[PDB]
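Colleague: Let me start by giving you these chains from the complex, positioned as in the assembled structure:
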Amino acid sequence: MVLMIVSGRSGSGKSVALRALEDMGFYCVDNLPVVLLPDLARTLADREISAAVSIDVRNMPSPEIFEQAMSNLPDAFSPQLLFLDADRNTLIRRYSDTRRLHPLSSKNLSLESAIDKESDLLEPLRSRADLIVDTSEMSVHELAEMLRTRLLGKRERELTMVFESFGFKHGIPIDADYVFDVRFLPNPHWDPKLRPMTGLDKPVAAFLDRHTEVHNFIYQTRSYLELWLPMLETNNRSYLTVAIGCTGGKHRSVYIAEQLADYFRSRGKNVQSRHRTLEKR
């Protein structure tokens, strides 16, 4: 079935996280090179007990050895990279509140410096990290609840990006996530010679390019979304949906919509574009 791994600089609540995983029901352990230990945790796999592990300065290995252990993987349990982290100031505060002894800086380093040295040694495993959830602002009560759910959803499904334009005359869809209007932008019914020519039309699309100013918004919007996009990825939405609102498909400038479905698609997104209003009712 599955292998889970935890990581992050203290304050990550990697121990608060380990609580959540037995609550999850995965197997629970503290610290070891355990390079050949997952073969014997394969005994855990014989018992059908999905697994969970944590890594820290205490469980620190050689990056070569960290990935040598990734190499020594019984595939039956598939490790799922989960790391957490936050700004030095807070992590420090949190560790401090704990009487947890230390980052074990035998070098007699200070703690703030220790926080810095730590990110370096946690850098090889934090670059291999796959799910990264910051803990910077959550008190012990707030960390656990968010964690319960995020961990709980555990959805493999990625996000099918959906772009859509419509006509308010019929109205605004019911299934989108974000609702934008651009009636203010140039009109296709304007130059009614082009009014029949849909917005998708290439020469009409040449008239769309004219307004690089509109293209400002294209970029602006493009970015606006980008900002929350990473944020969005963690949740179990199977698909992200967005609605663009015009009076008709002509003004839809689904070109733009498709240039944003193509711009996000250039970024590498799963655009599953739709122009439902264009299609027959």
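Modeller: Yep, it's here. Numbering: from 1, shown residues only, chains lettered A, B, ... in the order given.

Colleague: Can you point out the buried residues in the host helix or strand of residue A:148?
Modeller: Element membership of residue A:148, judged by DSSP states H and E, is helix A:140-153. Using 16 or more other CB atoms under 10 Å as the test for burial, helix A:140-153 gives A:143, A:144, A:147, A:150, A:151. (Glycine included, C-beta is placed from N, CA and C.)

Colleague: ditto for stretch A:232-252
Modeller: For stretch A:232-252, using 16+ other CB under 10 Å, the buried residues are A:240-252.

Colleague: picking that back up, just send the buried residues of helix A:140-153 back as a markdown table, with distance to residue A:184 too.
Modeller: Shown next, in a markdown table, are those (distance: CB to CB, whole Å):
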| residue | distance to residue A:184 |
| --- | --- |
| A:143 | 44 |
| A:144 | 46 |
| A:147 | 44 |
| A:150 | 39 |
| A:151 | 44 |
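
Colleague: hang on, the earlier thing: by contact count, what packs against the helix holding residue A:148?
Modeller: Judged by 3 or more CB pairs under 8 Å, 6 or more residues apart in numbering; DSSP states H and E, helix A:140-153 is in contact with helix A:14-24, strand A:131-134.

Colleague: wait, which of these is closest to residue A:110?
Modeller: helix A:14-24 (21.8 Å; CB to CB).

Colleague: got a list of what residue A:237 touches?
Modeller: If you count contacts by CB atoms under 8 Å, 6 or more residues apart in numbering, residue A:237 has them with A:159, A:177.

Colleague: and the gap between it and residue A:176?
Modeller: 12 Å (CB to CB, to the nearest Å).

Colleague: quick one on the thing from earlier: could you dump the helices and strands packed on helix A:140-153 into JSON lines and include distance to residue A:43 and mean neighbour count?
Modeller: Formatted as JSON lines, the helices and strands packed on helix A:140-153 follow (distance: least, CB to CB, whole Å; neighbours: other CB atoms under 10 Å):
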{"stretch": "helix A:14-24", "distance to residue A:43": "18", "mean neighbour count": "18"}
{"stretch": "strand A:131-134", "distance to residue A:43": "27", "mean neighbour count": "15"}
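
Colleague: following sequence is chain B, place it on the structure:
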Amino acid sequence: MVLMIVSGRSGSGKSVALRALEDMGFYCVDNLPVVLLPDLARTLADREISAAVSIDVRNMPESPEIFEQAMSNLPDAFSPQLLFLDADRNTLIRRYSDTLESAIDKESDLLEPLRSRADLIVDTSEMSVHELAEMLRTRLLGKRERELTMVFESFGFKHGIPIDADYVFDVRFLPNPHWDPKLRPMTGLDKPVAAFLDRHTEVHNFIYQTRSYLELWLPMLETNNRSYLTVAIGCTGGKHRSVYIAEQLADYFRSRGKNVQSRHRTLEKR
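Modeller: Adding chain B to what we have so far:
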């Protein structure tokens, strides 16, 4: 170009009008008593971007004969609009007290020669900052004479989405105050509630980042005599999370903007 000046009695919030300058995009500088302000006007002429400036009593130059020398030094590249504003004296008497009106009254006399040179004199005690500003917008910036009422709504998805609007924004990604069982019944309008949210840094990040966007298309939206405009925000439970966000966006417009409303339709029920 357009050149502003600001003057008035101490405690009249000339600074508020200097802050109002930047809302209209104007560069400004604090406490410039120099008559090389014209030299400053060259630097601003090289920029060629309209700006503004004010006059403290420190700026009061003992010789207003020197004040007209400066305006003579001031070039064609800019045009001086004399703004003078003394609030109800009681308001002025009331205003100074925070974290008499006679020692101050002396300096009003000192400002009396330039207020005679003032294009206008305006009591700001009653005019709301946004309203007086719009007045200052319609007086100097010729703010268009149309009335685009602004509306802000907070709702929940399960109850649907109010049709009467141009904009909607989910916030489910923003951190939820419901994690706390004590504040789960606590409504969004509640101040303890405000706290969980305010503490969440990112929240504040969506607040103005988001506000930014609205502004980006706001001048483009003003035209077309939009009789009205509405924007809404939604939460899985519109009762708590979305309220502070829509309310936070609403205060920006109350101030920077004008004709904004607050509509928690989700809880408007009974």
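
Colleague: now that chain B has been added, could you go back to the buried residues of stretch A:232-252?
Modeller: Burial within stretch A:232-252, assessed by neighbour count using 16 or more other CB atoms under 10 Å in any protein chain shown, is assigned to A:237, A:240-252.

Colleague: so which of those are also by chain B?
Modeller: residue A:245 (CB under 8 Å from any CB of the partner chain).

Colleague: for chain B, what are the nearby residues on the stretch 151-281 of chain A?
Modeller: Residues of the stretch 151-281 of chain A lying near chain B (CB under 8 Å from any CB): A:171-172, A:174, A:177-181, A:183-185, A:217, A:220, A:224, A:227-228, A:231-232, A:235, A:245.

Colleague: Pop out the phi and psi values for residue A:27.
Modeller: Note on residue A:27: its backbone torsions stand at phi -70, psi 150 [degrees, to the nearest 10].

Colleague: So which residue of chain A lies furthest out from the middle?
Modeller: Using CA atoms, centre = their mean, the residue of chain A lying farthest from its centre is residue A:193. It sits 45.6 Å away.

Colleague: Checking my notes, that residue in a helix, right?
Modeller: No - secondary structure of residue A:193 (DSSP: H, G, I helix; E, B strand; the rest coil): coil, not part of a helix.

Colleague: how close does it get to chain B?
Modeller: 22 Å (CB to the nearest CB, to the nearest Å).

Colleague: And for residue A:79?
Modeller: 27 Å.

Colleague: just checking, that residue is part of a strand?
Modeller: Yes - when three-state DSSP is applied, residue A:79 is found to be in a strand.

Colleague: ok, now which ones touch it?
Modeller: A:3, A:4, A:5, A:53, A:70, A:73 (CB atoms under 8 Å, 6 or more residues apart in numbering or on different chains).

Colleague: Bridged to it, which residues?
Modeller: residue A:3 (DSSP bridges).

Colleague: How much space separates it from residue A:23?
Modeller: 20 Å.

Colleague: before we move on, back to that, output the buried residues of stretch A:232-252 in a markdown table, with secondary structure and distance to residue A:161 appended to each entry.
Modeller: Below are those laid out as a markdown table (DSSP: H, G, I helix; E, B strand; the rest coil; distance: CB to CB, whole Å):
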| residue | secondary structure | distance to residue A:161 |
| --- | --- | --- |
| A:237 | coil | 11 |
| A:240 | strand | 6 |
| A:241 | strand | 9 |
| A:242 | strand | 8 |
| A:243 | strand | 13 |
| A:244 | strand | 13 |
| A:245 | strand | 18 |
| A:246 | strand | 20 |
| A:247 | coil | 25 |
| A:248 | coil | 24 |
| A:249 | helix | 20 |
| A:250 | helix | 24 |
| A:251 | helix | 22 |
| A:252 | helix | 17 |
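
Colleague: let's bring in chain C now:
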Amino acid sequence: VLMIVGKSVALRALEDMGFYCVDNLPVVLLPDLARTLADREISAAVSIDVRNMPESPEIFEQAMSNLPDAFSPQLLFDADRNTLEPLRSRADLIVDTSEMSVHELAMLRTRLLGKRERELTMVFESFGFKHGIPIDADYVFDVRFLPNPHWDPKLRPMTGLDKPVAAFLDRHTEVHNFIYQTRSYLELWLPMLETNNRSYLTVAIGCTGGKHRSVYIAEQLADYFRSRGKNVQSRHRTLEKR
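Modeller: One more chain to add, chain C, which I have set with the ones above:
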């Protein structure tokens, strides 16, 4: 040296002394983790429960037979069921936490190879330079550089012990960084001091105000020493109210 193990707190306690430790080690993994441990050459302990325990303790007996003696095993084992066989019988020790608690546990000092050969006292002290420094002490520490509540008059009246006051302090990280390093300093020489006939040992902390800005510091220092287990009582010299 090696050991075999509110059992979690106890585990916390073993590494607080200095024991590298680990939780939930399957039995066959112990002789193998005693090879890794041999790399460490440091005293060790591990906590094992029923979920980890095998249906047959023959695996445990075989592991104890295969256990590297280079590391000397030690065994330990409850509470009243209101407050809550084959190898708990093998446990040389059996201890009850039904009413026994953290300082009482800090038992482990006598249970540890260490034993009470002498008594040592931790008496933590707060004072202001305005009346004068302590009549006598061992260590002294200005704390003025730390953020000061005097800034906010809201708390100006309230002393440090006051929780509202504690709060102003808590947000300030430097405090935590200052409180953390300091603890350590004392940790470093505490053993040598411990290895002495010194009857008592009194640190003292000074903020000019002499109340709000320092007592808390020493109260946080007093609660860390109490968690460690060392006898700890404090005297606000300014607040004796004489």
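
Colleague: The contacts of residue A:79 again, this time with chain C added?
Modeller: A:3, A:4, A:5, A:53, A:70, A:73.

Colleague: again, but for residue A:92
Modeller: A:11, A:111, A:112, A:115, C:173, C:176, C:177, C:180.

Colleague: go on, residue A:200?
Modeller: With CB under 8 Å, 6+ apart, residue A:200 has these contacts: A:249, A:252, A:254, A:255, A:258, A:275, A:278.

Colleague: can you tell me the residue of the stretch 151-281 of chain A closest to chain C?
Modeller: residue A:151 (19.1 Å; CB to the nearest CB).

Colleague: Wait, that residue touches residue A:26, no?
Modeller: No - with contact defined as CB atoms under 8 Å, residue A:151 does not reach residue A:26; the gap is 9.3 Å.

Colleague: what's the overlap in contacts for those two?
Modeller: What both residue A:151 and residue A:26 touch, as defined by CB under 8 Å, 6+ apart, is an empty set.

Colleague: Leaving aside the residues adjacent along the chain, what's closest to residue A:147?
Modeller: residue A:20 (4.7 Å; CB to CB, 6 or more residues apart in numbering or on different chains).

Colleague: right, and that neighbour touches residue A:150 too?
Modeller: No - counting by CB under 8 Å, residue A:20 stays clear of residue A:150, with 9.3 Å between them.

Colleague: Check the gap between residue A:118 and chain C for me.
Modeller: For residue A:118, the distance to chain C - CB to the nearest CB - is 15 Å.

Colleague: check contacts around the closest residue to chain C within the stretch 51-200 of chain A.
Modeller: For the stretch 51-200 of chain A, the residue closest to chain C is residue A:96, as judged by CB to the nearest CB, at 3.7 Å. By CB under 8 Å, 6+ apart, residue A:96 lies in contact with A:111, C:176, C:177, C:179, C:180.

Colleague: Then residue A:140?
Modeller: A:13, A:16.

Colleague: one more time with 7 Å, if that's ok
Modeller: Going by CB atoms under 7 Å, 6 or more residues apart in numbering or on different chains, residue A:140 touches residue A:16.

Colleague: nearest spatial neighbour of the most centrally placed residue in chain A, skipping sequence neighbours?
Modeller: Residue closest to the mean C-alpha point of chain A, counted by CA atoms, centre = their mean, is residue A:233 at 3.3 Å. Computed as CB to CB, 6+ apart, the closest residue to residue A:233 that is not its neighbour in sequence is residue A:159, at 6.3 Å.

Colleague: If anything else comes up later, I'll come back, but that's it for now.
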